[PDB]
Every structure is written in structure tokens, then in C-alpha cells.
């Protein structure tokens, strides 16, 4: 996160750190708890991940230093990538992790509501992007979970900013015209959380951008409301 500040413990209890153990254990991506055995994240996080066996989901974490060999984690039973996904820049950058065990909900870890289908016509004015990603293009994974308040940008405005790309209505952009606050390397997969009527909603999944926090280059996010049917298809299968 560029231009953000340290989160407070328990502030984003749906936020998870997805680690890989191959070849060495390190933070791979962010994710969000959406159900008691479900993490919503970005499909591009799994480029070259050949097995769910190398993945570890840690919830209730503020600091990466809380993670040692004796720290409890959730094993991943299955990786579900949207079958239309080709690359982040083309959309469908969404994946679900089915966990091997159930997350016990508490003040440190709980789910975030998915947006409502009717709420596709609501203006979100209180949106935050969180993660352990870089604070600048050449940096490193941050110890403390960072947060940044970012305004949503219309599809028309985002399309003007990305000449040569196709910004679809299955994408949602966020950023200041002058830059300064954005997601960066390591934040992918994490949430873009918006508060509406005192309830937080998972509006976006951090996906891609041209560099980090540049003037007139909004961050591009998977527009979660456009995937509610797909999430239910996958999590509510009979």
C-alpha cells in the first residue's frame, strides 16, 4: 500500500495473508474471509501454483512477525479459479480457496458481506484498500497491515486513464487524479472494503495497475458485485 498508515489490530478482520511454502515460506497475496471455509482472492496469485498443498491462510494477523512455524493457519483444500480467467488485465481475476477446516468467527476474524445485487446503483464514498504490499514500486512486503482511503472512479474515467486496455464493467477502479495512495506489489487478492449504512461490503479485489499510485493511473479491482452469482454457484453447490 502506497501512502497508507498502520492498521489497528482487528480493524479489517476479514483480511487474510495467503502464504506459499514453495520454495520458501513467504506472503503471496491478500484475501478476504467471505464464509466459514471460504477465502475470496485474485486468480493471478496462483500463476505457477501447481497444488493447494503449498498454501497457508493466516487470519487474525496484524503483523507478519506474528507468523512463525508454530503459528496456526488454514490449509487449502481446493483452489477455484474463474474458468474465463486468462490474465488480470483482461478481467475474471477472481478465485476462491476452500479451506480444509472451518474458521471460528471472533473479534479477530470474521466475514465481510458481499455487495447486494440491488446496491449496484449505490455510490460508495468510504472505501479502503488494505494489505502488506510495497509502499513504493521498489520495496518489500510490510510487517504491519497498511490501509489507505481511496475514492472510487467511474468506468468512463478509468477507461480514459488506460488507453490500449479494455476496462469492463466487471472491473472497478479507485484512485486520486494526482496519485499518492494505491495498492502495490503484494496487495493483490486483498479487499477494497466500502462502508455503507454502517456495514462493510467487499466491493473490489485488488487486481492490477500501471505502476503504483501514479497520477491518472487508478488501481484496477475485480468488481465483486458482478460476481455474486459466480461466488454463490461455487460456495453453495449442492
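Numbering follows the first chain given and starts at 1.
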The stretch carrying the higher mean Cα B factor in the deposited entry, 6-14 or 21-29, is 21-29
Higher of the two mean Cα B-factors (127-135, 161-169; per PDB record) comes from 161-169
Select one of 51, 188, 193, 59: the residue whose C-alpha shows the highest B-factor in the crystal structure entry.
-> 51
Among 148, 99, 122, 81, the highest C-alpha B-factor in the PDB entry belongs to 122
Within-chain third of residue 238 by Cα B-factor, per the entry | highest
Compared with the other modelled residues in the chain, in which third is the CA B-factor of residue 47?
-> middle
Taking the values exactly as deposited, rank residue 35 by C-alpha B-factor within its chain and report the matching third: lowest, middle or highest.
-> middle
Could you look up the Cα B-factor of residue 90 in the entry and say which third of the chain it sits in: lowest, middle or highest?
-> lowest
State the tercile, meaning the lowest, middle or highest third, of residue 63 with respect to the CA B-factors recorded for its chain.
-> middle
